[PDB]
Amino acid sequence: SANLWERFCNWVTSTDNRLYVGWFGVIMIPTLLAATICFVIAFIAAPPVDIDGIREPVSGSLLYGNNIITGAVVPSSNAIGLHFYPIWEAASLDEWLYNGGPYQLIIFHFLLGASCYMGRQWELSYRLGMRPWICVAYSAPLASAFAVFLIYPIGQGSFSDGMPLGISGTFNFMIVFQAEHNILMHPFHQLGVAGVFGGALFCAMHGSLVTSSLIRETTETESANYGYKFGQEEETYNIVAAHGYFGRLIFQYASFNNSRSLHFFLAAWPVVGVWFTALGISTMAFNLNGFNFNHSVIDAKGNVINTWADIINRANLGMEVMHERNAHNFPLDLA
Amino acid sequence: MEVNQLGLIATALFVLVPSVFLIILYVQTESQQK
Amino acid sequence: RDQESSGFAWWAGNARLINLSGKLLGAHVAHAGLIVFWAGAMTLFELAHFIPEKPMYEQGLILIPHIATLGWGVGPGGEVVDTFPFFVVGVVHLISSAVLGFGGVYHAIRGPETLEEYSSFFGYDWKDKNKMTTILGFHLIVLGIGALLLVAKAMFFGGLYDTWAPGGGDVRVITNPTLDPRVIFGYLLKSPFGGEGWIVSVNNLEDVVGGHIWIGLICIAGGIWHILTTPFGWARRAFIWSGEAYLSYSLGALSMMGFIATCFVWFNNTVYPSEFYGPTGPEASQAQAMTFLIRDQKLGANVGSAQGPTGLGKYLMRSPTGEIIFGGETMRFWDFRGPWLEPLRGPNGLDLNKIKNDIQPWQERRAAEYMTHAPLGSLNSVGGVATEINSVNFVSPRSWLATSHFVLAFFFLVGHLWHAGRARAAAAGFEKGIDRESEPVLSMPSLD
Amino acid sequence: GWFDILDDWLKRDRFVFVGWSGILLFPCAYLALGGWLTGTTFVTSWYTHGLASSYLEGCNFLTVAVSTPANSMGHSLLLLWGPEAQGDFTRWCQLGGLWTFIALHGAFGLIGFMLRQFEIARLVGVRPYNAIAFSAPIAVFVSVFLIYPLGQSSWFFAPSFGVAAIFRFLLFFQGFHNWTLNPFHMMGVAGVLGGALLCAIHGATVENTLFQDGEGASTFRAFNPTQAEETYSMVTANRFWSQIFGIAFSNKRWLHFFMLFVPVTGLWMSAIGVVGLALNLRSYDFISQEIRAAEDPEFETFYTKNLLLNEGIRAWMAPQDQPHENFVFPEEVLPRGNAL
Amino acid sequence: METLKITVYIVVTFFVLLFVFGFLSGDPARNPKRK
Amino acid sequence: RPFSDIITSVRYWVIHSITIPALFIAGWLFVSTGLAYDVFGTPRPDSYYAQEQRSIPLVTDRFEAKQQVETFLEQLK
Amino acid sequence: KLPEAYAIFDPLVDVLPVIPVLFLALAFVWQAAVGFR
Amino acid sequence: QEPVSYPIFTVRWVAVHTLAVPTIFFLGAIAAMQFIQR
Amino acid sequence: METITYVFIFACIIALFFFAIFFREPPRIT
Amino acid sequence: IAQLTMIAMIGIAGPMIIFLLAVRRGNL
Ligand code: CLA
Ligand code: CLA
Ligand code: CLA
Ligand code: CLA
Ligand code: CLA
Ligand code: CLA
Ligand SMILES: CC(C)=CCC/C(C)=C/CC/C(C)=C/CC/C(C)=C/CC/C(C)=C/CC/C(C)=C/CC/C(C)=C/CC/C(C)=C/CC/C(C)=C/CC1=CC(=O)C(C)=C(C)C1=O
Ligand SMILES: CCCCCCCCCCCCCCCCCC(=O)OC[C@H](CO[C@@H]1O[C@H](CO)[C@H](O)[C@H](O)[C@H]1O)OC(=O)CCCCCCCCCCCCCCCCC
Ligand SMILES: CC1=C(/C=C/C(C)=C/C=C/C(C)=C/C=C/C=C(C)/C=C/C=C(C)/C=C/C2=C(C)CCCC2(C)C)C(C)(C)CCC1
Ligand SMILES: CC1=C(/C=C/C(C)=C/C=C/C(C)=C/C=C/C=C(C)/C=C/C=C(C)/C=C/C2=C(C)CCCC2(C)C)C(C)(C)CCC1
Ligand SMILES: CC1=C(/C=C/C(C)=C/C=C/C(C)=C/C=C/C=C(C)/C=C/C=C(C)/C=C/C2=C(C)CCCC2(C)C)C(C)(C)CCC1
Ligand SMILES: [Cl-]
Ligand SMILES: [Fe+3]
Ligand SMILES: [Mn+2]
């Protein structure tokens, strides 16, 4: 026999489990289970939510006549602000739901759990005697999730200006974001789209170049994928063929010939890209806005000549005038 | 509001006939040998 | 050594200094010179353009305000009466930078490349636990001395710029700081969420100078403690003692301090004043609201029971508790405490009678000047959002500091991830890859 | 005779290959690039929209474009020698002849590269999956720059080559078609983000399961280009991923095919989406929602906010975005949030 | 609703304590190499 | 073949330091004498409007498009 | 701005803050000069 | 590499020279635009 | 009527996750 | 009178140190 602690502590760190569950896991699992329950219940059977603090609720629940596309969990009230608002700081559950209560309840647990998941990846890699820094690559989507759900609220000063948990609500978020800050003329958002477009592109061409160089172990009635028998000691394509293909395509110096460099680069491109746009959202929370060019061309009469930036500014003005129900009078705002 | 009862039938057949197609294909080749 | 006989490419070159102490010492004492050089160079550069009758926040000064907070070169209300402290701070930093760099170039090229054979007190090893705790103890003591310098400035050498002083700020000497642990540790039990706030919620310089005494002496005692103590077993089983682990912990520390710093500089206005840096985030909204009320009141309109085009107030509203706060979208700010707004606040939020008759000139002009200068701007420094035209140019100093320290903190977090991973992997010994002959997974039961 | 000579002079090995495809690829590509570069530099758009879009007029690199033809041209190609400029180069530049010039010559440069990829693959003796994969950007190109203006009344609604002019396209599509709420665009966005997701993770996994074969910490120098022995532990990658996420690849051939499959299909589904808009068939509404918002005026969803916002985008961008209609709206019929 | 505050605090506290005690418990030798 | 072989041979310099300044000056003089304004027909920044036509020029027919724009340039707009 | 005596060195003061970035460039100059070890 | 029976000007020659003379001509023109008053 | 169709499809997708994880076809080295 | 003389000098100050150590061959 041995006592219950030693048994518990090697049950947790068991790397013979079907699914790992670390010391980061024992705190990951409840927070995410709770997040999942509150999302599934609130998307379906929530009451409507007063989000503008002037008594206009919004329905985001399927049961009050939404489909999948329009449904959402509707953010916390403008009256509640940046306050901590659990069930026991409300007078009744009725009015905790009325103030967008479940929104805070999903996101705190979810962000916490998503960081504990980042911890778990490192722990499993440490137990399997493999290299770290898959967890460094996970910090990119995670930092964007933080920026969107927690930083941008602190900065604008309420959790009403969060992003609702839904599709059309996400679209509403994008459209009001563009009107009030013009994110397309921010250079960082431009590096973010470059990283995603280039990431997708390098994925496609990597896939094609490797699958076109595969060796002949098959026949023309059985799929090509039964050439690999699992955990071969023989790499399953010939690098110099693909290299020789790419090397005639653009040129001899434009074609990698070290798979280790290729894969490092394959991992490096979008991750740097996503960092840059995540930070871009985070600086706009303090209201460092995209570049704005008003009238870059003026002639001798001293009369303006429009640019495409001006057509975009007209649209921005359109959206922004619609996102202000709070009065006709607003001179220098946000916030 | 409205629900469209031909739209109901539309999804019902859409999700049935290929799931049934795939379940038969998977079952007859596993029921044979070596 | 200095080619590919060391186990690092040129882009990891600085990592060849893990086992050479003198070369490493030269590298750091040379880099200290740069930090100091920029301090001095930048405040001289700022001062060469400084107009000393124009407020500091509308001209971009971000190093002169730190000196102004210490109440040097300023009169009452945060005006400049003389510009000499600025010049002398900058020029003496720029001069001392040379002395640091000289030691740099010497220890890097002329000095012994190993200090363990040279000296046995500047001789040190990352695996020798005792040396690290002793050096840590020294370093805690010079930080302890550093913490008491501010207390000296506060009590003896003309004090600090108090912005809570009567009739706008004035330099005031602390003559009684709190030495009461109850109040002091009470700040660390508060919730970080809005409304309450953590250590950021400081509202007076008595707590500031008092806490500086408190942290100073706990670190003098702890510094003395790590010279006279050897680390314990559970402490040794809780760690990796490697030259890189210390760096990982420290990166973790710096990333936490950056998150805390960017929270400070955005919200507080006791340690980052409103007369040397612009208004804060809520301060402009509250100002806009306050000056609107004041304007429309002179027409003889009823503003105290006025209902909106959605009801629920037009100028004033009820908070959840029932205090009279500002209406519209200024209903998410009522956690704002300003020096200029507080003489008007009754026993449960603002009292409309105090508004009618107890307006002092500096308050209504502070509110009116802060209205047209709210934290916004673009990355090519021109005021406002993307609808308005380029004709006014504003970027709060608050936003520069906030954005910079935020992105540097995020990058210092991911660096802590990296160096912790390297230190952990190198300790166990699979940081050069996975050994061919034997591998863990080939000796582990297959999942089904 | 002379044919097999022309053959082996082309198909010969050189610093950069040419081939039969070279004959189509190189002129067309070079003219299209060159056209865009002179168009962004000297050429106005003041006789068409009332814009300036060149360095000669004083615009920066973020606001230039080779702008579309005028609305009155219809779908005319506007040929230099044709009866809309009649052998005159200046008017041909003013009327937007460079847009079509660039568009057609770039359209043939794309076919040239596509053919070039086939030819080099047939020569080297590998399978041509890279050319099949390259049909997704041509699908997108001819669905957005050719089929979409040919479904409308002119080239004027097509995107102009330039960064800000594409931004205006994004806003236009959002405003008039509600483009994000159409499922083909949902599928395209997903396909593309999934491509980006697979990229980071595949690189990160291969680079963090590498074998020890070096002496330095850097493992970039432990590689020889030969395939004799494996370069990463696939078994370890599978065991890791099956435990942290639940499912894993255990077949390299399939992993790389999945990498090919996700973004190319995404772009194909989106190409079907934009040809659907060319007839003005556009997912814009759910009828159940209109009848409900009609019988109950205190119902709200985010979808209703999006339609009010779409009203704002259209009503405020239409005047200077469709000058050929000579629209004039009073200041009292523009939509306003505060009027609700 | 007052009982609810206390039992949520106790649950949270239980999990954070297992976590810290778990990381004090011999973690740098849980690796498959050099244990 | 490497740039090292190209960056050194005297014949490379004796052509290049002679051709490139002529091209640089040809490119400079092309805009500075205002010829780019006539060959592309782009307006100067005192010729976007006129004192009888204060609206944007717009083409509205496609076979007299030529004549329409020549009319706008003939009246000194 | 600066005391009237030092006013002569107004250009010298304007070129001070960009001296830090140069160190990082010099380190690459150095490395390429010794041919990258 | 480019052929070894050496035609007098090879294929590399036109490739570098269709991208040599326009960009020299262009960055001389774009530079002149900067000194237009406007 | 519409809500049932939705939740039935979501229910099918999470049951598929369970079956796909705990009743897979076991990948085994040769 | 020129003060542009030191802005001239201060940009070449760096590589001149390395240039001479590469003339005086040793310890680059
Ligand atoms: C703050 C303290 C600190 C210290 C002392 C170290 C120390 C070290 N790190 Mg680390 N690191 C840190 C923070 C720190 N790091 C952070 C915050 C990150 C996140 C990015 C990293 C990420 C990191 C990685 C990924 C690696 C290291 C490595 C190393 C070692 C070799 C580094 C080297 O030679 O680079 C020489 C540096 C260069 C060639 C970079 C030059 C950059 C240029 C060209 C442009 C810079 C632009 C600038 C960022 C933008 C503003 C510019 C301005 C002018 C406007 C060394 C022991 C390496 C190692 O062995 O790790 C175990 C390795 O692989 N570090
Ligand atoms: C502030 C930044 C910083 C600092 C302090 C250092 C310091 C050092 N590095 Mg690093 N390094 C850095 C940035 C820095 N590096 C960056 C960004 C990179 C990326 C390129 C590298 C890449 C790198 C590599 C690859 C290597 C080093 C090495 C070294 C050591 C070289 C010693 C030597 O023989 O130099 C000899 C150099 C010279 C004679 C020329 C430079 C001249 C100097 C010393 C002065 C220049 C400034 C100024 C004019 C002096 C004013 C003095 C005045 C105050 C009186 C030294 C301790 C080496 C090492 O670790 O070896 C053990 C090695 O191989 N470094
Ligand atoms: C802060 C970092 C630092 C560190 C750790 C060192 C460490 C060292 N230096 Mg360096 N040095 C520095 C910065 C630093 N130096 C700077 C900024 C410069 C420019 C001034 C120099 C220039 C320098 C040179 C040129 C030389 C040294 C020497 C020495 C060695 C002395 C060995 C001995 O037995 O000393 C015994 C001496 C003492 C214990 C007492 C020293 C008292 C002095 C000189 C300074 C006191 C400053 C201050 C008032 C202290 C206040 C403390 C306070 C808490 C009350 C030692 C390894 C010499 C050596 O051999 O290096 C290998 C040598 O040639 N130093
Ligand atoms: C014997 C005791 C002793 C003492 C007193 C110091 C003192 C110091 N060390 Mg240290 N050191 C020691 C032993 C010691 N060392 C040993 C054994 C080693 C191992 C080789 C090192 C290695 C070491 C390194 C590598 C570094 C230091 C640094 C520092 C400085 C920290 C400055 C600071 O916190 O800035 C914040 C400032 C304050 C808290 C204000 C200090 C006010 C006082 C107490 C001193 C002011 C006067 C003094 C003469 C220094 C003037 C600095 C000038 C630029 C203005 C400080 C001067 C660092 C440094 O900055 O060096 C340049 C650095 O990189 N130390
Ligand atoms: C700031 C720099 C610094 C650093 C780097 C260290 C480093 C270290 N100190 Mg130390 N210490 C310092 C300053 C510092 N000390 C000062 C200034 C004091 C005086 C007050 C102390 C008093 C002190 C004591 C009493 C002891 C050490 C010990 C140690 C070792 C601890 C080993 C361990 O695993 O602890 C891990 C510790 C924990 C996991 C418990 C933390 C309990 C607290 C503080 C927080 C719990 C988390 C909680 C959720 C945070 C809430 C915060 C809230 C405000 C939001 C380590 C070598 C030990 C040693 O061996 O010395 C030789 C020992 O007994 N230190
Ligand atoms: C191989 C490359 C190539 C290709 C495919 C094209 C293709 C094209 N060019 Mg282009 N062009 C090229 C090279 C090329 N060009 C070069 C090198 C230059 C510089 C001299 C130009 C300059 C140029 C200009 C300035 C313009 C075009 C235009 C066009 C388009 C209009 C139709 C046309 O002229 O078709 C090309 C081919 C033909 C018209 C005919 C080919 C006839 C053949 C095959 C056999 C004829 C048999 C016989 C004699 C018929 C007798 C009949 C009788 C008995 C009745 C079309 C897409 C225009 C455009 O894009 O407008 C929007 C335009 O403005 N071209
Ligand atoms: C109440 C509730 C919950 C309601 C539900 C609300 C809600 C919004 C539901 C969602 C439904 C919804 C609206 C869906 C819309 C979109 C939809 C139908 C899309 C599918 C159609 C589509 C786009 C088709 C074409 C493109 C396509 C195939 C895209 C798929 C993109 C996608 C997510 C890909 C998977 C990415 C992924 C996470 C892969 C992980 C792979 C993996 C295990 C790698 C690890 C790994 C790496 C290695 O390197 C090696 C070596 C090994 C060994 C190894 O293992
Ligand atoms: C539907 C989601 C379910 C998810 C399920 C899985 C996850 C959750 C697992 C745990 C679920 C059970 C958690 C424990 C619930 C406790 C019951 C509870 O809420 O009762 C407290 C609830 C509170 O009742 C609330 O009251 C409010 C007004 O204050 C409002 O009316 C609320 O709507 C009403 O819910 O009351 C009752 O249930 C009825 C009265 C019970 C009286 C006996 C209680 C015990 C008495 C001794 C202990 C008192 C402790 C406080 C005083 C300390 C000393 C000063
Ligand atoms: C190691 C190394 C490095 C680095 C280095 C460093 C980092 C250094 C620094 C150093 C330093 C940090 C320096 C500084 C210097 C300075 C000086 C020397 C100054 C002087 C000044 C004076 C003398 C003043 C004057 C004046 C006055 C008094 C007043 C008015 C104004 C004037 C300005 C005129 C590198 C990477 C590069 C390379 C490799 C190695
Ligand atoms: C009043 C005031 C003040 C002061 C204050 C003070 C007094 C402070 C304190 C401070 C403090 C008092 C801090 C603390 C911190 C802490 C931390 C940060 C933590 C630590 C720990 C850790 C980190 C751990 C780790 C771990 C775990 C958890 C598990 C097991 C294992 C290990 C080891 C890994 C001032 C100045 C502002 C002024 C004004 C007011
Ligand atoms: C239209 C036309 C045509 C054609 C023409 C051509 C073909 C032209 C060409 C032209 C060209 C072909 C041009 C080019 C130009 C170039 C440019 C525009 C460049 C730019 C560059 C830059 C800007 C740079 C930048 C950079 C980089 C890249 C790297 C890093 C650094 C830096 C940033 C500096 C023809 C006669 C048939 C017919 C009539 C019409
Ligand atoms: Cl809205
Ligand atoms: Fe791959
Ligand atoms: Mn907002």
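The PDB lists this entry under the title "Structure of PSII-M". Looking at chain E in UniProt, the text filed under Subcellular location is "Cellular thylakoid membrane". Taken verbatim from the UniProt record of chain E, the Sequence similarities comment is "Belongs to the PsbI family."

Listed under Catalytic activity in UniProt, the entry text for chain A is "2 a plastoquinone + 4 hnu + 2 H2O = 2 a plastoquinol + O2". Checking UniProt for chain A, the heading Sequence similarities contains the comment "Belongs to the reaction center PufL/M/PsbA/D family."

For chain A, the helix and strand inventory stands at 11 helices and four strands. Radius of gyration (C-alpha) of chain A: 26 Å, far over the 20 Å computed for a compact globule of 335 residues. Structurally, chain A occupies a C-alpha span of about 80 × 75 × 40 Å along its principal axes. Within the span of chain A, comprising 335 residues, buried residues form 61% of the whole.

Moving on, we come to the overall build of chain E. From N to C terminus, chain E includes one helix and zero strands. When its C-alpha atoms are laid out on the principal axes, chain E stretches across 50 × 10 × 5 Å. A burial count over chain E gives 14% of its 35 residues as buried. Entry remark: accessible area of chain E is about 2,500 Å², with carbon and sulfur atoms responsible for 74%.

Bringing the interface of chain B and chain I into the picture now. The interface of chain B with chain I comprises five residues on the first partner and four residues on the second. Roughly 320 Å² of surface becomes buried between chain B and chain I when both sides are summed, with 75% attributable to carbon and sulfur atoms. Of all residues in chain B, B:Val3, B:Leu8 and B:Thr11 give up the largest surface area on contact with chain I, accounting jointly for 80% of the area buried on that side. At the boundary of chain B with chain I, the tally comes to zero salt bridges. The interface formed by chain B and chain I holds zero residue pairs in polar contact in total. Residues belonging to the side of chain B that touches chain I are distributed by class as follows: three nonpolar, one polar and one charged.

In this section: the packing of helix 7 (residues 167-181) of chain A against helix 11 (residues 308-322) of chain A. All names here are of chain A. Running from amino to carboxyl end, helix 7 crosses helix 11 at an angle of 115°, the nearest separation of the two axes being 8 Å. Relative to helix 11, the crossing made by helix 7 is left-handed. Contact with helix 7, carried on its side by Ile175, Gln178, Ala179 and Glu180, involves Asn316, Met319 and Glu320 of helix 11 and no other residues of that element. Of the residues contributing to the contact of helix 7 with helix 11, the split by class is three nonpolar, two polar and two charged.

Tallying the contact residues gives 115 residues for chain A and 115 residues for chain D. In this assembly, chain A packs against chain D so that about 10,600 Å² is buried in total across both faces, 66% of it on carbon and sulfur atoms. When residues of chain A are sorted by the area they lose upon contact with chain D, A:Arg248, A:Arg260 and A:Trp308 head the list and together hold 10% of the total. Put simply, D:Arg239 and A:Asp16 hold a salt bridge, and the shortest N to O gap is 3.9 Å. At the boundary of chain A with chain D, the tally comes to 31 residue pairs in polar contact. Breaking the side of chain A that touches chain D down by element, the ones donating at least two residues are strand 2 (57-58), helix 4 (101-127), helix 5 (134-137), helix 7, helix 8 (187-211), helix 9 (239-249), helix 10 (259-284) and helix 11 of chain A. For the side of chain A that touches chain D, the per-class residue count stands at 64 nonpolar, 37 polar and 14 charged.

With that settled, consider the site of ligand 3. All names here are of chain C. In the vicinity of ligand 3, the contacting residues are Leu25, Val29, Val99, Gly103, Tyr106, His107, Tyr118 and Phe122. Between ligand 3 and the protein, one listed contact pairs a nitrogen atom with a side-chain N or O atom of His107 at 3.4 Å. In this structure, an oxygen atom belonging to ligand 3 sits 2.6 Å away from a side-chain N or O atom of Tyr118. Elements supplying a minimum of two residues to the shell around ligand 3: helix 1 (21-47) and helix 3 (84-109). No other element matches the four residues that helix 3 contributes to the shell around ligand 3.

Looking now at the UniProt feature "transmembrane region" in chain E. Using the residue numbers shown here, the UniProt feature "transmembrane region" corresponds to residues 3-24 of chain E. Across residues 3-24 of chain E, helical content stands at 100% and strand content at 0%; the span's end C-alpha atoms are separated by 32 Å.

A separate point is the coordination of the iron ion (ligand 13). Every protein donor of the iron ion (ligand 13) is accounted for by A:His206 (NE2), A:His263 (NE2) and D:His202 (NE2), and the metal-donor separations fall at 2.0 to 2.5 Å. With A:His263 in helix 10 and D:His202 in helix 8 (residues 183-207), this residue pair bridges two chains.

Quick look at the site of ligand 7 now. Residues in contact with ligand 7 amount to 21 residues; listed here are only the nearest, D:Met187, D:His202, D:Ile247, D:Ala248 and D:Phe249. Chains contributing residues near ligand 7 are chains A, D and I. Here D:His202 contributes a side-chain N or O atom positioned 3.2 Å from an oxygen atom of ligand 7. Of all the secondary structure elements, the ones that give two or more residues to the shell around ligand 7 are helix 2 (25-45) of chain A together with helix 8, helix 9 (234-244) and helix 10 (252-277) of chain D. The biggest single contributor to the shell around ligand 7 is helix 8 of chain D, with six residues. Here the residues of the shell around ligand 7 sort into 16 nonpolar, five polar and no charged.

Once that is clear, we can look at the packing of helix 7 of chain A against helix 12 (residues 302-321) of chain D. Packing of helix 7 of chain A against helix 12 of chain D brings their axes to within 8 Å, and their N-to-C directions diverge by 35°. The handedness of the crossing between helix 7 of chain A and helix 12 of chain D is left-handed. Here A:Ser168, A:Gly169, A:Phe171, A:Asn172, A:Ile175 and A:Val176 of helix 7 of chain A come into contact with helix 12 of chain D, specifically with D:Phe302, D:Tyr303, D:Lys305, D:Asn306 and D:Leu309. A breakdown of the residues in the contact of helix 7 of chain A with helix 12 of chain D according to their chemical character gives six nonpolar, four polar and one charged.

Among the surface-exposed residues, C:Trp225, C:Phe232, C:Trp234, E:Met1, E:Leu4, E:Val8, E:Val12, E:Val16, E:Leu17, E:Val20, E:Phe21 and E:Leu24 lie close enough to one another that they form a single nonpolar patch of about 1,100 Å² accessible area. Broken down by element, the nonpolar patch gets its largest block of residues, eight residues, from helix 1 (residues 2-24) of chain E. Its place among the elements puts E:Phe21 in helix 1.

Attention now goes to the environment of A:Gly199. Following the sequence through the fold, A:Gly199 ends up in helix 8. Each C-alpha atom of the pair A:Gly199 and A:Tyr152 lies 26 Å from the other, and the pair is 47 residues apart in sequence. Apart from the residues lying within four places of it in its own chain, the contact partners of A:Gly199 are A:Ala194, A:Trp269, D:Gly195, D:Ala196 and D:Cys199.

For helix 1 (residues 4-21) of chain J, built from 18 residues, the straight-helix expectation of 26 Å at 1.5 Å per residue is met to within 8% by its first-to-last C-alpha distance of 27 Å. Taking the largest bend as the criterion, helix 1 of chain J deviates by roughly 45°, centred on J:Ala13, and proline J:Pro15 comes between one and four positions later. Within the sequence span of helix 1 of chain J, burial applies to J:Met6, J:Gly14 and J:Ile18. Structurally, helix 1 of chain J contributes buried residues whose contacts are with helix 1 (10-14) and helix 2 (19-33) of chain G.

The tally for this structure, following the rule as stated, stands at 31 salt bridges over all chains. For A:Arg55, the salt bridge is made with A:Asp50, and the minimal N-O distance between the two is 3.2 Å. On the basis of relative accessible area, A:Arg55 is assigned to the exposed category, the value being 53%. When the shortest N-O distance is used, the salt bridge between E:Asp27 and E:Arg30 registers 3.5 Å.

Across its 20 residues, helix 12 of chain D extends 27 Å between first and last C-alpha, which sits within 8% of the 28 Å expected from 1.5 Å per residue. A large share of helix 12 of chain D lies buried, amounting to 14 of its 20 residues.

For the coordinates displayed, the defined rule picks out 88 aromatic pairs over all chains. Between A:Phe108 and C:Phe193, the ring centres sit 5.6 Å apart and the planes meet at 35°, which makes this aromatic pair tilted. One end of the pair, A:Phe108, is in helix 4; the other, C:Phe193, is in the loop between helix 5 (181-186) and helix 6 (205-227), on a second chain. When its relative accessible area of 21% is taken as the criterion, A:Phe108 is described as partly exposed. Taking 5.6 Å as the distance between ring centres and 55° as the angle between the ring planes, the aromatic pair formed by A:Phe173 and A:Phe177 counts as tilted. Of this pair, A:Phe173 and A:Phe177 both sit in helix 7, separated by four residues, roughly a single helical turn. The two residues A:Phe173 and A:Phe177 agree in class, both being buried. Among the aromatic residues, those joined into a cluster by ring pairs are D:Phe42, D:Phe89, D:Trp92, D:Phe101, F:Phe30, F:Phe40, H:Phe25 and H:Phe26.

Here we take up the side chain of D:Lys305. Here D:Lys305 is to be found in helix 12. Buried and unpaired, D:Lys305 has no salt bridge, with D:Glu300 as the nearest side chain of opposite charge at 4.4 Å. If near-sequence neighbours (up to four positions away) are discounted, D:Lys305 is found in contact with A:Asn172, A:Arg325 and D:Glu300.

Cut-offs and rules
- Residues numbered from 1 in each chain as written, not as in the entry; some residues may be left out.
- Chains lettered and ligands numbered in written order.
- Part of a larger assembly, values for the part shown.
- Heavy atoms only, no water.
- UniProt positions renumbered as here; feature names shortened; annotations may be inferred.
- Helix = DSSP H or I, 4+ residues; strand = E, 2+ residues; numbered from the N terminus.
- Rg over C-alpha atoms; globule rule 2.2 N^0.38 Å.
- Buried < 20%, exposed > 50% of the residue type's maximum accessible area, 1.4 Å probe, protein only.
- Areas by Shrake-Rupley, 256 points an atom, 1.4 Å probe, with all protein chains shown as cover.
- Contact = heavy atoms within 4.5 Å.
- Buried area = accessible area lost by both parts, 1.4 Å probe.
- Salt bridge = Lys/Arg side-chain N within 4 Å of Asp/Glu carboxyl O.
- Polar contact = N/O pair within 3.5 Å; in protein donor to acceptor, adjacent residues only side chain to side chain.
- Nonpolar A, V, L, I, M, F, W, Y, C, P; charged D, E, K, R; others polar.
- Axes fitted to C-alpha atoms, helices over the stretch in contact; angles between N-to-C directions.
- Left-handed = near helix turned anticlockwise from the far one by under 90°.
- Near = heavy atom within 4 Å.
- Donors = N, O, S within 2.8 Å, 3.2 Å for Na, K, Ca; no water.
- Patch = residues over 30% accessible without salt bridge, like charges linked within 9 Å, V, L, I, M, F, W, Y side chains within 5 Å.
- Expected span 1.5 Å × (residues − 1).
- Bend = angle between axes of the 7 residues up to and from the residue.
- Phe/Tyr/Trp six-rings, centres within 6.5 Å; stacked < 30°, edge-to-face > 60°.
- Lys, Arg positive; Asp, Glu negative; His and termini not counted.

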